[PDB]
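Take a look at the structure set out below.
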Amino acid sequence: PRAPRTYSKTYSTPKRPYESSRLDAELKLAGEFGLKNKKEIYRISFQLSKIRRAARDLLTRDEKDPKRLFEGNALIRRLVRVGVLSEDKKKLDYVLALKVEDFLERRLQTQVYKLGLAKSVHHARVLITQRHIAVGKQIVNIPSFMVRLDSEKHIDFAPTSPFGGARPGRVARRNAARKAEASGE
Amino acid sequence: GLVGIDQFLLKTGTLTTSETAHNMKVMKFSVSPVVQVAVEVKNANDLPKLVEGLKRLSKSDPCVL
Amino acid sequence: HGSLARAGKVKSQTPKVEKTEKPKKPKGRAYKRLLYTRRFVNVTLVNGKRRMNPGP
Amino acid sequence: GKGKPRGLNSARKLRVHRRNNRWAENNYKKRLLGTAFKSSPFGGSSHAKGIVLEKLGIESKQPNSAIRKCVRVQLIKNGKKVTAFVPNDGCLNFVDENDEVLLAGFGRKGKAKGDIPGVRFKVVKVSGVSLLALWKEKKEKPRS
Amino acid sequence: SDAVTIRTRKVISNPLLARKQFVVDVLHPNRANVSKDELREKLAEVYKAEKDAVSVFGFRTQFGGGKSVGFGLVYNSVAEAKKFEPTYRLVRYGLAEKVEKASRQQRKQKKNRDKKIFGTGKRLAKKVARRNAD
RNA sequence: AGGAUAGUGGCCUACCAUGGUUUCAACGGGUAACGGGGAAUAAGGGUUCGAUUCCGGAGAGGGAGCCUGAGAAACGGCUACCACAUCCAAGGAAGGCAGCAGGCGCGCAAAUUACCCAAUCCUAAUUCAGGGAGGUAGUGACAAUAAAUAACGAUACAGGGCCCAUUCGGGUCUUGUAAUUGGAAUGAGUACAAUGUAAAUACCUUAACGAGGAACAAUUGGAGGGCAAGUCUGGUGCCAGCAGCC
Ligand SMILES: [Mg+2]
Ligand SMILES: [Mg+2]
Ligand SMILES: [Mg+2]
Ligand SMILES: [Mg+2]
Ligand SMILES: [Mg+2]
Ligand SMILES: [Mg+2]
Ligand SMILES: [Mg+2]
Ligand SMILES: [Mg+2]
Ligand SMILES: [Mg+2]
Ligand SMILES: [Mg+2]
Ligand SMILES: [Mg+2]
Ligand SMILES: [Mg+2]
Ligand SMILES: [Mg+2]
Ligand SMILES: [Mg+2]
Ligand SMILES: [Mg+2]
Ligand SMILES: [Mg+2]
Ligand SMILES: [Mg+2]
Ligand SMILES: [Mg+2]
Ligand SMILES: [Mg+2]
Ligand SMILES: [Mg+2]
Ligand SMILES: [Mg+2]
Ligand SMILES: [Mg+2]
Ligand SMILES: [Mg+2]
Ligand SMILES: [Mg+2]
Ligand SMILES: [Mg+2]
Ligand SMILES: [Mg+2]
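Protein chains in written order, with the entry's author numbering: chain uS4, 2 to 186; chain eEF2, 455 to 519; chain eS30, 5 to 60; chain uS12, 2 to 145; chain eS24, 2 to 135.
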């Protein structure tokens with residue numbers, strides 16, 4: 002038989018189920034970033050934990066351990082490449098500090114609202130979803146996307162669809178058809 | 455004959471592919487399940503094989519109740 | 005003895021009451037918008053402490 | 002000195018004494034002796050079909066008073082005869098004689114839920130259909 | 002043909018198969034993907050070997066429209082194509098005609114029936130003729 | 001010492017000797033035991049598993065035997081016994097799915113009697129032929145990834161920042177409640193075509209059709225404690241039932 006596909010779980014569920022402290026702190030993050038599930042939160046805190054997992058494990062190695070420097074750069078190279086690590090904080094173990102919020106900020110869904118463009122984070126999500134708004138030649142509709150900050154000024158409404166010229170939209174299209182039917186002929 | 459249908463049939467039926475085709479007439483026949491007897495298994499462990507069997511026998515014939 | 009006799013007793017006795025047609029509750033992201041709003045800004049149900057059910 | 006040896010060469014006595022003393026652990030002992038095979042009305046499986054021999058009523062333990070409404074089942078794989086609680090209001094009326102039922106355990110690893118003496122199983126399906134789905138008039142017992 | 006702009010990346014000459022191989026990369030805004038017989042001549046003129054001798058396949062159109070990506074070949078001649086080319090795609094191009102056959106299961110049955118005859122099989126064709134029914 | 005083997009060897013035979021293993025656990029019993037790479041849970045240490053994508057090994061109903069051949073103690077080879085079992089004109093003949101589908105049985109427990117060598121590779125006298133290996137599709141809430149079920153105005157209201165203030169507020173930012181209405185966005189479907197593929201199917205591209213809420217309508221568990229969330233109303237009255245535990 003041919004080889005197995007590998008697959009992995011992206012998320013991890015909390016241990017105490019009914020601590021209101023976590024229940025409320027979660028819901029604040031939902032309305033703020035326009036999320037639906039706690040899975041959306043859990044995925045990110047699991048990512049963040051899968052990341053401190055590597056981070057504390059490198060500070061235990063003494064400075065100038067070729068592995069420490071090599072993946073220490075590799076990490077932060079990937080973390081201000083997205084804007085979830087600020088440019089100054091490129092220093093080594095500022096990483097251990099991040100909360101989840103820095104990721105939800107760098108989500109595609111949030112930028113489309115924090116770049117004007119949406120008027121509400123809930124409006125942002127459905128704008129992404131419905132084949133509007135794109136980066137270059139590429140049309141993107143995954144609210145959790147991690148804009149790379151090489152792109153937060155390279156994203157306008159897509160070349161297709163209204164809000165972007167280049168064709169008129171389809172609800173006004175039927176609405177304006179009978180604009181020339183109850184007008185006599 | 456059709457295979458793989460039996461498990462959905464008690465004794466008879468109509469097969470259609472219309473959304474609203476009706477059933478089919480009920481085959482008025484002449485004899486009737488009138489002479490009865492009583493059964494149970496010689497060995498008690500066998501009752502499950504008997505209750506299953508009685509459903510299986512009732513498919514065998516068009517008349518046995 | 006002491007038969008079943010009365011199995012469905014209360015369920016068979018509890019008078020039927022009907023559900024009512026309601027405003028449909030939104031599903032998905034839009035619902036946690038409601039929990040956000042209905043718990044953080046224009047929640048027209050608070051009562052001094054933070055309480056989630058009135059016996060008016 | 003704390004009861005056990007410490008020497009770098011006392012691995013044998015250390016390992017062999019855990020082996021000895023693991024036996025006072027019920028969960029270990031039930032596994033190694035395989036009493037879910039030798040004992041245990043189900044084969045050590047989670048469920049079991051069965052032919053309902055008769056309805057049956059059991060008075061609860063005190064302080065409570067009520068009739069709990071069990072059935073008596075002969076397990077198809079086993080012959081073994083057991084009793085099983087039938088959940089929820091009424092709902093005994095869904096059980097006829099000698100229609101197959103699927104029984105589950107009682108969420109208690111043997112033992113028994115509070116009221117009911119000597120009952121370690123619950124009906125889950127009867128005549129092939131889910132019990133709850135009959136309680137809620139959402140599914141029908143199969144046609145005669 | 003809305004600004005069809007039929008690009009062609011990663012090319013190299015292959016005498017061992019008597020053809021030149023390359024990937025195609027077509028843009029087509031407002032133009033919802035572009036056909037193959039269509040694509041075959043829009044470059045059959047580019048290196049104008051015969052139109053009946055240029056071959057292309059692959060072609061997953063990209064997301065949000067406006068692109069597609071294939072893989073193509075140009076043969077030195079038509080006859081060097083038919084010969085070296087996959088027999089199955091010569092017929093979409095049209096230069097070959099499909100071969101009707103018998104169903105794979107049905108020809109397998111005949112194989113196993115002929116395992117039961119040893120000779121020509123026309124020896125027993127006559128022994129049955131005489132008898133039955135005497 | 002010979003015999004035998006492809007060849008070492010108590011592998012076997014003749015002769016001789018009395019040796020060989022064991023509490024540092026032999027021998028025996030059990031395994032719901034094929035080993036391993038590995039899987040689950042993991043502060044660290046550990047605990048539990050591994051029939052199952054690779055590797056090694058064993059088997060082809062149970063045993064033995066054997067022909068062929070470089071290679072088999074072969075099972076889609078033969079011979080015999082044992083168990084099961086088919087056909088028949090009763091003289092006789094033939095059998096091996098732990099291969100692919102499919103069925104019985106068994107059970108809590110597991111899919112199509114479908115298409116094809118196009119890819120992956122394999123074989124042969126062989127570029128060509130064969131390949132239920134393998135690939136495709138069917139079935140599939142085993143597990144895993146992403147993530148629609150609405151967005152946004154206005155009407156009125158409860159109001160909530162507010163520049164003037166002898167001012168009921170003379171401007172207001174904001175927030176939502178009530179069928180109060182409004183035009184925008186859209187894929188789920190469906191569907192030109194192309195694309196896809198060996199030929200199709202779905203996907204991706206996309207012509208036309210596809211949203212007002214009575215629909216394009218999300219469920220599953222629960223609201224005494226553990227434990228997030230009612231001292232609401234009606235019903236029943238140690239009955240029915242709930243209740244992991246209290
Ligand atoms: Mg579009
Ligand atoms: Mg002990
Ligand atoms: Mg013991
Ligand atoms: Mg003791
Ligand atoms: Mg059942
Ligand atoms: Mg020798
Ligand atoms: Mg075994
Ligand atoms: Mg093992
Ligand atoms: Mg396990
Ligand atoms: Mg294994
Ligand atoms: Mg096994
Ligand atoms: Mg398999
Ligand atoms: Mg193997
Ligand atoms: Mg073998
Ligand atoms: Mg067998
Ligand atoms: Mg053999
Ligand atoms: Mg073989
Ligand atoms: Mg075979
Ligand atoms: Mg299953
Ligand atoms: Mg089955
Ligand atoms: Mg092939
Ligand atoms: Mg071939
Ligand atoms: Mg498949
Ligand atoms: Mg799933
Ligand atoms: Mg309840
Ligand atoms: Mg509470």
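Virtual Cβ for every residue (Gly too), placed ideally from N, Cα, C.
Just list the residues that DSSP pairs residue i with in beta bridges.
{"i": "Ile117 (chain uS12)", "result": "Looking at the DSSP assignment, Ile117 (chain uS12) forms no beta bridge with any residue, so it has no partner."}
{"i": "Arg8 (chain eS24)", "result": "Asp26 (chain eS24)"}
{"i": "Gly71 (chain eS24)", "result": "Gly59 (chain eS24)"}
{"i": "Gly51 (chain uS12)", "result": "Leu76 (chain uS12), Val102 (chain uS12)"}
{"i": "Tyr76 (chain eS24)", "result": "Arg20 (chain eS24)"}
{"i": "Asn15 (chain eS24)", "result": "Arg20 (chain eS24)"}
{"i": "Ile140 (chain uS4)", "result": "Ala135 (chain uS4)"}
{"i": "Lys509 (chain eEF2)", "result": "According to DSSP, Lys509 (chain eEF2) bridges with nothing at all."}
{"i": "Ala85 (chain uS12)", "result": "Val72 (chain uS12)"}
{"i": "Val127 (chain uS12)", "result": "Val102 (chain uS12), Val130 (chain uS12)"}
{"i": "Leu57 (chain uS12)", "result": "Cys71 (chain uS12)"}
{"i": "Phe122 (chain uS12)", "result": "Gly106 (chain uS12)"}
Report the residue from the options whose alpha carbon sits nearest the alpha carbon of residue i.
{"i": "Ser152 (chain uS4)", "options": "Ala167 (chain uS4), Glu20 (chain uS4), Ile134 (chain uS4), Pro169 (chain uS4)", "result": "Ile134 (chain uS4)"}
{"i": "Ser145 (chain uS12)", "options": "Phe462 (chain eEF2), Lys479 (chain eEF2), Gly455 (chain eEF2)", "result": "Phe462 (chain eEF2)"}
{"i": "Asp25 (chain uS4)", "options": "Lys39 (chain uS4), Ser13 (chain uS4), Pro163 (chain uS4)", "result": "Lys39 (chain uS4)"}
{"i": "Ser128 (chain uS12)", "options": "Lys140 (chain uS12), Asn28 (chain uS12), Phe38 (chain uS12), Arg20 (chain uS12)", "result": "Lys140 (chain uS12)"}
{"i": "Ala98 (chain uS4)", "options": "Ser50 (chain uS4), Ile143 (chain uS4), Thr111 (chain uS4)", "result": "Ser50 (chain uS4)"}
{"i": "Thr111 (chain uS4)", "options": "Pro5 (chain uS4), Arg179 (chain uS4), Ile143 (chain uS4)", "result": "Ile143 (chain uS4)"}
{"i": "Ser36 (chain eS24)", "options": "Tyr76 (chain eS24), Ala130 (chain eS24), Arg61 (chain eS24), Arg132 (chain eS24)", "result": "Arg61 (chain eS24)"}
{"i": "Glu46 (chain eS24)", "options": "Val75 (chain eS24), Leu18 (chain eS24), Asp26 (chain eS24), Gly65 (chain eS24)", "result": "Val75 (chain eS24)"}
{"i": "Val495 (chain eEF2)", "options": "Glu506 (chain eEF2), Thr471 (chain eEF2), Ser514 (chain eEF2)", "result": "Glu506 (chain eEF2)"}
{"i": "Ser78 (chain eS24)", "options": "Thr6 (chain eS24), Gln63 (chain eS24), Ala19 (chain eS24)", "result": "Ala19 (chain eS24)"}
{"i": "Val489 (chain eEF2)", "options": "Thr471 (chain eEF2), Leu519 (chain eEF2), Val457 (chain eEF2)", "result": "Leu519 (chain eEF2)"}
{"i": "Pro42 (chain uS12)", "options": "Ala12 (chain uS12), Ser131 (chain uS12), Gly119 (chain uS12)", "result": "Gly119 (chain uS12)"}
Round the Cβ separation of residue i and residue j to the nearest angstrom and send it over; I've been treating them as touching at under 8 Å.
{"i": "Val96 (chain uS4)", "j": "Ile42 (chain uS4)", "result": "Their Cβ separation, rounded to whole angstroms, is 20 Å, which puts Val96 (chain uS4) and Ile42 (chain uS4) out of contact at 8 Å."}
{"i": "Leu28 (chain uS4)", "j": "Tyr40 (chain eS30)", "result": "6 Å"}
{"i": "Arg73 (chain uS12)", "j": "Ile117 (chain uS12)", "result": "With 8 Å as the limit, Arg73 (chain uS12) and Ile117 (chain uS12) do not qualify as a contact, their Cβ atoms being about 14 Å apart."}
{"i": "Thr88 (chain eS24)", "j": "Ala97 (chain eS24)", "result": "7 Å"}
{"i": "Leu57 (chain uS12)", "j": "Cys71 (chain uS12)", "result": "5 Å"}
{"i": "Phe85 (chain eS24)", "j": "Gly71 (chain eS24)", "result": "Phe85 (chain eS24) to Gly71 (chain eS24), Cβ: 19 Å. No contact."}
{"i": "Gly44 (chain uS12)", "j": "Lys78 (chain uS12)", "result": "6 Å"}
Would a C-beta distance cut-off of 9 Å place residue i and residue j closer than the cut-off?
{"i": "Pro516 (chain eEF2)", "j": "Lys465 (chain eEF2)", "result": "yes"}
{"i": "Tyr94 (chain eS24)", "j": "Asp38 (chain eS24)", "result": "yes"}
{"i": "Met147 (chain uS4)", "j": "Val85 (chain uS4)", "result": "yes"}
{"i": "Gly51 (chain uS12)", "j": "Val87 (chain uS12)", "result": "no"}
{"i": "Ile140 (chain uS4)", "j": "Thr161 (chain uS4)", "result": "yes"}
{"i": "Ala498 (chain eEF2)", "j": "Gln63 (chain uS12)", "result": "no"}
{"i": "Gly106 (chain uS12)", "j": "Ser47 (chain uS12)", "result": "yes"}
{"i": "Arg32 (chain eS24)", "j": "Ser56 (chain eS24)", "result": "no"}
{"i": "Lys142 (chain uS12)", "j": "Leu135 (chain uS12)", "result": "yes"}
{"i": "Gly35 (chain uS4)", "j": "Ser121 (chain uS4)", "result": "yes"}
{"i": "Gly65 (chain eS24)", "j": "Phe23 (chain eS24)", "result": "no"}
{"i": "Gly80 (chain uS12)", "j": "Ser16 (chain eS30)", "result": "no"}
{"i": "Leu44 (chain eS24)", "j": "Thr6 (chain eS24)", "result": "no"}
Residues, ordered as in the chain, of the segment 50 to 78 of chain eS24 that lie near chain uS4 by beta-carbon distance below 9 Å: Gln63, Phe64, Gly65, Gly66, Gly67, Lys68
Members of the segment 14 to 40 of chain uS4 near chain eS30, C-beta cut-off 7 Å: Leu28, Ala31, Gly32, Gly35, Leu36, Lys37
Residues, ordered as in the chain, of the segment 476 to 502 of chain eEF2 that lie near chain uS12 by beta-carbon distance below 9 Å: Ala498, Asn499, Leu501, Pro502
Short-range partners of chain eS30 found in the segment 44 to 71 of chain uS4, where Cβ spacing is below 8 Å: none
Chain uS4 contacts made by the segment 21 to 49 of chain eS24, where a contact means CB separation under 9 Å: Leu28, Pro30, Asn31
Contact set between the segment 121 to 153 of chain uS4 and chain eS24, restricted to residues whose Cβ is under 9 Å from the partner: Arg132, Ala135, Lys138, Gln139, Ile140, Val141, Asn142
Selection of the segment 31 to 52 of chain eS30 by Cβ proximity to chain uS4, strictly under 8 Å: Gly32, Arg33, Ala34, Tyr35, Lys36, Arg37, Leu39, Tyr40, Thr41, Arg43, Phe44
Against chain uS12: residues of the segment 8 to 20 of chain eS30 by CB proximity under 8 Å: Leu8, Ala11, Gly12, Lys13, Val14, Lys15, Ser16
Selection of the segment 155 to 178 of chain uS4 by Cβ proximity to chain eS24, strictly under 8 Å: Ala159, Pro160, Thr161, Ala167, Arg168
Residues in the segment 13 to 31 of chain uS12 having any Cβ partner in chain eEF2 nearer than 7 Å: none
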